[PDB]
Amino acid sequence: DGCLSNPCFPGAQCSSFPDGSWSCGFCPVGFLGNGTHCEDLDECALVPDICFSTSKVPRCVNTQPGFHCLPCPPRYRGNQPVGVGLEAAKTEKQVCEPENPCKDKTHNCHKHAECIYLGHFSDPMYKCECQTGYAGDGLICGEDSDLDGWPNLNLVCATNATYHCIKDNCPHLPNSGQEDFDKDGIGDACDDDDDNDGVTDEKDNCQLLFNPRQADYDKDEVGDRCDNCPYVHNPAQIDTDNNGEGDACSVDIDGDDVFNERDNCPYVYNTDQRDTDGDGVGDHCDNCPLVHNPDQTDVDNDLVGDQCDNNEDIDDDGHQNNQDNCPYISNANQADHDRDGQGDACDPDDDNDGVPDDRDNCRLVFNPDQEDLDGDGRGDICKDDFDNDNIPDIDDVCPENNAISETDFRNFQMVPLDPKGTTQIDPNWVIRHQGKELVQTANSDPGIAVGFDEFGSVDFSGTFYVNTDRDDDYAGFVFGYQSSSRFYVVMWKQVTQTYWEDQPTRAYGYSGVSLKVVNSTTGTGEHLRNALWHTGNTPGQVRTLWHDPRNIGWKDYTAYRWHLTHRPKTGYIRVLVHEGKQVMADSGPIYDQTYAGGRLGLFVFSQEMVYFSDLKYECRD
């Protein structure tokens, strides 16, 4: 009777008595107390912890009837708890898993592509790369028979892609820059006459310029219309400031307005001419800027002149104690993104925004308020470009380092490993593909061309191809390069040969890929020379860490691909070498903590016509 007037509340059970009175029992699932005046419950705010709190405080959503778990935020995947009431709230809990299209096989990569996980917080998280022996954009992969990253045919990405889609213009000769001067679809590298003027390039004194008459005023054998110094002998055509007028006929070769002979750094632009120590070598080119040293002698090839050079480097990252922004913790790259003098490695706040490294959703970009308005766990201020060097993550070979984004050996140090007086045959390095391909031309002394970028953890690969039948000697590459007495080297001999100098020690150089760590008590010279050639250990010189026991030599005119994995933090090293698509050498895991990082470089020891093509390095920290 009494319940007929609905004095209670929608859903709430009204109990009616014989005398007309009533009482209100339940409040319907998900509501407050008092059966008469009833209100909505917050299952979220003050009960359990139903939803997946992505390093934050939000996430669970309270509705007027019931409650709501947000869908798993980007980079994650799970279920989405929906509940009517309160006993449904302690039971049922949101599990969100960290996504990984590589391990989850949800990727869109080609059968002959590898899905590569870029790391949880990367933009994007994964990419597609064609496997060795193939080329493309990762979605489509075709045969790449010389491993120079350009496929043998035009592929169905030849319209939508920048690189690796379009007929390799020298199908059988590594030429990762695909330079084709006359544009006749035959690349410079295999083209017989590069400028289509009828003079074959071996005879042509202006190889990349049309000049059929061959006019050569001075007999420097570099013809008129390409000679940067037409009236002055200069076969190297060196042009320091790449202005079109070569050094030979320039009174100011670096274009800095201070004339040569006045210039205290004749090769390096320095209008300001500052010379702190007064030694006549300006700071910009002074390898010992604080200490008098006009001769600039640098006997161990680390860019620190003999006079500053004390080798005291207690953490083995190759920067000495007095020149190390983290003297005690290895950090070969010396990264210091906030520029406060404390290296990323020892500094607990790398951008100086108050939010410490471990708790910062944009570790390298200033953002105290940690705005992440799409919920992807990354501050929106570093959305595609973690290190803020304006190169997006996907195109950045070192996405957590603003000093490096491109594989580039365009500028390199020549490190001569056995300098002398006449037998001095220097390596000749020619650079193509904007620093991503080097060809060594000469049957030369041991020598390295080492790039200037520095690495802790690193992956480094490159195409190895010897474009001649002559000789059977060494080529390869270095990593963790610190000084000419401190590097790891991978080198590769064709035929086993004992070195033609029995002094100072007999060196027997076996065929096969050799992984070695140089730790020389003498530095450059005959002792290290021989030790480098020798397969095995040489006390006070070289220690061989691995060498292919099958002893397989490289073949003439044959494309190989090496892949170095180096993780100095543990000491992990892995060297893979590929012939075409098939692995042909694998060191397996190696462990060596002699050097906790350093630079990369290419290596020759008495082998000419060596192509180091389609070079790539990446930071893997």
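Don't overthink the numbering: it's just position in the shown sequence, from 1.
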Discussion item. Quick check: 461-469 versus 189-197, which has the larger average CA B-factor in the record?
Written reply: 189-197
Worksheet item: Looking only at CA atoms, which has the higher mean B factor in the entry: 199-207 or 298-306?
Response: 199-207
Worksheet entry | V29, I573, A596, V577, ranked by C-alpha B-factor: the highest one | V29
Item to complete: Have a look at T544, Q131, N388, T159 and flag the one whose Cα has the highest B-factor in the entry.
Response: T159
Worksheet item: Mind checking which third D621 falls in for C-alpha B-factor across the chain?
Response: highest
Response to the item:
Chain-relative C-alpha B factor for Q13 (record values, thirds): the highest
Fill in: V47 - which third its CA temperature factor falls in, relative to the rest of the chain
highest
Worksheet, complete the sentence: Temperature factor at the Cα of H563, chain-ranked in thirds, falls in the lowest
Worksheet, complete the sentence: Chain-relative C-alpha B factor for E400 (record values, thirds): the lowest
